[PDB]
Amino acid sequence: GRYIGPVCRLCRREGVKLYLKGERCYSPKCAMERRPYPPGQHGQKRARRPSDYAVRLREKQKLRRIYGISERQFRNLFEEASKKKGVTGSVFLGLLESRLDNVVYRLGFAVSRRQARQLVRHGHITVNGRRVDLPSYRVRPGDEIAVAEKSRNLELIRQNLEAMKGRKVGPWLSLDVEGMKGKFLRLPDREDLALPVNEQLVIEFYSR
Amino acid sequence: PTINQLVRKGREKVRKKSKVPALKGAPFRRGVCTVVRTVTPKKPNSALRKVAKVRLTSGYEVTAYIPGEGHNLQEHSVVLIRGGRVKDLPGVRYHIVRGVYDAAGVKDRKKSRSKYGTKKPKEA
Amino acid sequence: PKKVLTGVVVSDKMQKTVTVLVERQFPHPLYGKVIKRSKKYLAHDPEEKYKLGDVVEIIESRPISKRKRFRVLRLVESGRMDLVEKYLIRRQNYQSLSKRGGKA
Amino acid sequence: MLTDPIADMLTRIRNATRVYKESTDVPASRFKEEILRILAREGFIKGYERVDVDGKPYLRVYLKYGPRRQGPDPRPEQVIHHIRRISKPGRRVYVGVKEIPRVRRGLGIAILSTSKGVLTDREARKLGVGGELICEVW
Amino acid sequence: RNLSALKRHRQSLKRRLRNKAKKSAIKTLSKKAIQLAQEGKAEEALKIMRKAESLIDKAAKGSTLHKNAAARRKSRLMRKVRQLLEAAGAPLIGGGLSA
Amino acid sequence: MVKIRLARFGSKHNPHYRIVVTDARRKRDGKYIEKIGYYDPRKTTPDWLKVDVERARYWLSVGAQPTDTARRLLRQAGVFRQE
RNA sequence: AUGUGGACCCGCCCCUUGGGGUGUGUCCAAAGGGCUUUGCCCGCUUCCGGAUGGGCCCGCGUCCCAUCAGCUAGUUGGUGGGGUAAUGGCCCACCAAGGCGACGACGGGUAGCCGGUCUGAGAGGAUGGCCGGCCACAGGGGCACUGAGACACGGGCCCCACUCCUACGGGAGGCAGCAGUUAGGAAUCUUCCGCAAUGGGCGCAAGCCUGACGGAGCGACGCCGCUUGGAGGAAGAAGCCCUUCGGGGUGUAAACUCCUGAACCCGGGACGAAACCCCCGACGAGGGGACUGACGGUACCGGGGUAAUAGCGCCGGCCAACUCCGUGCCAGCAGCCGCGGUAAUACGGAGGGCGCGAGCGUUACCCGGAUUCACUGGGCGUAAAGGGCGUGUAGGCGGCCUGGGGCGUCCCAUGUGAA
Ligand SMILES: [Mg+2]
Ligand SMILES: [Mg+2]
Ligand SMILES: [Mg+2]
Ligand SMILES: [Mg+2]
Ligand SMILES: [Mg+2]
Ligand SMILES: [Mg+2]
Ligand SMILES: [Mg+2]
Ligand SMILES: [Mg+2]
Ligand SMILES: [Mg+2]
Ligand SMILES: [Mg+2]
Ligand SMILES: [Mg+2]
Ligand SMILES: [Mg+2]
Ligand SMILES: [Mg+2]
Ligand SMILES: [Mg+2]
Ligand SMILES: [Mg+2]
Ligand SMILES: [Mg+2]
Ligand SMILES: [Mg+2]
Ligand SMILES: [Mg+2]
Ligand SMILES: [Mg+2]
Ligand SMILES: [Mg+2]
Ligand SMILES: [Mg+2]
Ligand SMILES: [Mg+2]
Ligand SMILES: [Mg+2]
Ligand SMILES: [Mg+2]
Ligand SMILES: [Mg+2]
Ligand SMILES: [Mg+2]
Ligand SMILES: [Mg+2]
Ligand SMILES: [Mg+2]
Ligand SMILES: [Mg+2]
Ligand SMILES: [Mg+2]
Ligand SMILES: [Mg+2]
Ligand SMILES: [Mg+2]
Ligand SMILES: [Mg+2]
Ligand SMILES: [Mg+2]
Ligand SMILES: [Zn+2]
């Protein structure tokens, strides 16, 4: 699956600006920019008061599409954050942020998570030295995520990591631009993430 | 009831009455068609519904709805059965599986195709 | 530890054997209430010594016959036919409970 | 005959407070006393005394109520919202110390009888004993 | 076909017979001893009880008896012999018995 | 008789045995008498052989009867100190 | 024959069920083989002890029907005897006349039981498939032999049923072992490799045997990981959407802008395997390279490299998603309520949308929601539910005070609760 289709139609249905096109979503043509109505031939008509289901459903899809993930993998992560000790709503977000495909995107090796995903699969990313090619591999803390040696001279990286000069990264990552090797210091707290998402709903959605 | 009464008598549990003796509690039964009659509906419906009496390998003789537009069920066509109550014909509590054995799957159907057992149209 | 029960002799009508009645109160698995419940043991009495009425200690023994696996250890208190009468009337009820009537 | 005298007392009290009696007379027993002793100490009554009534021994029980309230129905909040006989004759209820329940997250109590005497929930757990569980009160 | 552990069958038969005879010798001697005691012929009854003891203990050297099975058989024997003698006998040769 | 041997407990292509006292008539992977150690023949971990060496010598003392492999492993942990 | 010793009858002491000691009497032992030969190896005999395995007995627990209420002749107990490794009516002769049952005996129905498994907030409900433990069976029914152990799946005998041989008298069989065929059925795999690993049987060993096992094969049957990368318009021989041959949507979504490189090609290439054995040292000495890989040239590492499968259900309410045309109580839909009678978001198509995605639906069955058998946790004036009324048997239940006991109840320690 991986969805893998027209991403900006999902920017639009959920209603909030979404970074799936990673690069372009910053230009005045994110389609959410100056066309912010849903897809379809009812895109622009007046929408009635959604059921509580709707509300929870959408807030969940909103979250799942951010990280681009099959519901299979997603619900597995969620049950695991319930079973787990600690406020279960936000243990979720920490697990979701601990995904390698995502940690690569956070460190601006890639412009989209999607791009970052295909970057891992093609063995361009290392972890503690060794190669890893699983988008779902879980980064623990202390782990040093490098760019592949042979991939060091590749186009997209040369470009992408150069534009990473200047930029800051969340206070749980420690990217080093010289030798392209960030470090995963800490599981991110809820205030760290500026996700346009109300996970309380997300919990409540599986609370059915 | 008193505790003592409960200790003496107990509660009594419930029994499942199954609305499908397709026997074995099997999920499908094979059957040989007897009649391919037509039947009228009740309460507030009117039409001519395609039903079939079927002789079962479970050794049963039950009527069974033939879903879909056109069918090809002769006096002796063999056929598969699944559970399914037709709300309108009373005493019809099974469906014929369109697409298996002698029952051709509905032709020219583009929409809900896995029911009605029709192959992917050759639109390639 | 060979099990040791305590009970009431309710029968002396056997050769070197005495039926002992052992009562056991336990609380009910689902309904919580304590329920009395009982069982008859045939016990070995090698000297036709124990008489109908007394209360004896019964002990787990090497078998002595078909359904006779206990010997009579010591005696607790002497006579008390109340227990037997209780056990007697209980039996007498059965005389009814059939097709007609009987003794209540 | 009066089958469960303890239950009767708890009721007798429940019944008296709903019509806001000053005090109520319950037939005396060493046991009903050791309950009121707790009921009193945990602040649910003003206390009890051993009045004689046509020669036979009772226990006058002085009940507490909240302050006079306002709007329609000025009647005061009860201090005994709730009082329930739990172990009843012919369904006796015993708890181990591990099984002693938390009543009202502890804004209420549970009187219970132990071989260390009659105690509250907190009293018993501190003392590490279970017993027959007489009643809830919150 | 022909699993050549039907050889076990051949042997089983061969043995069956060895046991079978060993036992009949005991049964016929033990009987004879008892029936001799029950006549007060004591010297003759012990001279023969003693044979029967041996055969028994011997029987139990191979697999024909072994065990407390032989012990049993001896216990049943000497006990019976003494009683039929104690109906007026006075254990003459007093071979196998200790009075 | 009672033996000391290896009972297989790994995964396909991923063997781990448990060094086991058991009656020889038993299933290989069935009910045993006592576990007394384990073996990771692939040494995927720095701890790939471990023997309760006191206990090993106990069972040996009353006629436990090691497989030739089990004895290797036992020897290595220095059960019988051949010194 | 020798009697270390052990068995047996009678005694003697301790013990207490047949545990241990002791005395006279009686009875009971044995096997040889190999040598790198007079001293080593494997054996043999009796006894005591350990370890492992097992027999038997007992308490408690273990589904449904009372439209099954009475049951029982070895039946219950006894004395004696047979039998066993051993208790026992297990069996036998004789004697007593008992034993069981509403706390469900007798009968009938169903079923291997458990560790666990699914469900559930829990109490509970449901279940016993993989794996592990126990029990029972080996075409059906009986039986003993052999033996430490069997009443013995690939041992024996007899009877029955079926199949094959038959010179017609008589003989041969037994996949519920691996694989395989056939039938039944909605439905369930290869007549594959290997003795390398673990395990077992025999052998001093070398070895041998092992469809135990370790592996491979088939099947989205289940779980987990993974790919299909993604930046552009729209002429109907019966087939591109939305106000009458008309107004926007599909949608940044492309058959072509770079970038990466599943498949596929080439090269290296394993762990699992060190013991058994030989050698020094004493036939277990830190020496054995003595040798051993089915899986398999697979996994894994490196070099080359192509833009490279998408489906299925759904869109009236419950329930996330609406428009056009066809149809006109017809064709049909439907889990429930319900939709279709000419303007149908419910039928059939189309565009568009929603959910999931190597899957998606349907059927079937279990728990759930169901506090709808209610212990937690329900009810019965009128909704279903007080017996037509009494008497009282069994049972359930029991005022105040004191003392003993400690059965219920509570507490501490400990043993078990394997994997
Ligand atoms: Mg042979
Ligand atoms: Mg001799
Ligand atoms: Mg069965
Ligand atoms: Mg429930
Ligand atoms: Mg068969
Ligand atoms: Mg048979
Ligand atoms: Mg043998
Ligand atoms: Mg034998
Ligand atoms: Mg058998
Ligand atoms: Mg066979
Ligand atoms: Mg087979
Ligand atoms: Mg078939
Ligand atoms: Mg297979
Ligand atoms: Mg081997
Ligand atoms: Mg296998
Ligand atoms: Mg190696
Ligand atoms: Mg070898
Ligand atoms: Mg809706
Ligand atoms: Mg439909
Ligand atoms: Mg219309
Ligand atoms: Mg429609
Ligand atoms: Mg619908
Ligand atoms: Mg998958
Ligand atoms: Mg329920
Ligand atoms: Mg209730
Ligand atoms: Mg109700
Ligand atoms: Mg009425
Ligand atoms: Mg009524
Ligand atoms: Mg009335
Ligand atoms: Mg009464
Ligand atoms: Mg009473
Ligand atoms: Mg009382
Ligand atoms: Mg007590
Ligand atoms: Mg415990
Ligand atoms: Zn966007």
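Chain A is numbered as in Swiss-Prot; shown residues: 2-209, in order.
The backbone N, Cα and C atoms fix where each Cβ goes, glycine too.
Marked as Zn(2+) binding site by Swiss-Prot on the basis of experimental evidence: A:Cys9, A:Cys12, A:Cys26, A:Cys31. Summarising the annotation, Swiss-Prot assigns domain 'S4 RNA-binding' to A:99-161.
Distribution of Swiss-Prot features across the structure.
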residue : record              : Cβ within 10 Å
A:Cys9  : Zn(2+) binding site : 18
A:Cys12 : Zn(2+) binding site : 24
A:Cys26 : Zn(2+) binding site : 20
A:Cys31 : Zn(2+) binding site : 20
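Chain D has no C-beta under 8 angstroms from the C-beta of any of the binding-site residues A:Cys9, A:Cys12, A:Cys26, A:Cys31. A:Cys31 (Zn(2+) binding site) carries neither a helix nor a strand DSSP state and counts as coil. Apart from the site residues A:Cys9, A:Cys12, A:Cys26, A:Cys31, the chain places the Cβ of A:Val8, A:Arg13, A:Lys18, A:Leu19, A:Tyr20, A:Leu21, A:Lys22, A:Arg25, A:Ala32, A:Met33, A:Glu34 no farther than 8 Å from the centroid of the site's Cβ atoms, the recorded Zn(2+) location. For the recorded site, A:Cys9 (Zn(2+) binding site), the DSSP three-state label reads helix.
According to DSSP, A:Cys26 (Zn(2+) binding site) sits in a coil region rather than a helix or strand.
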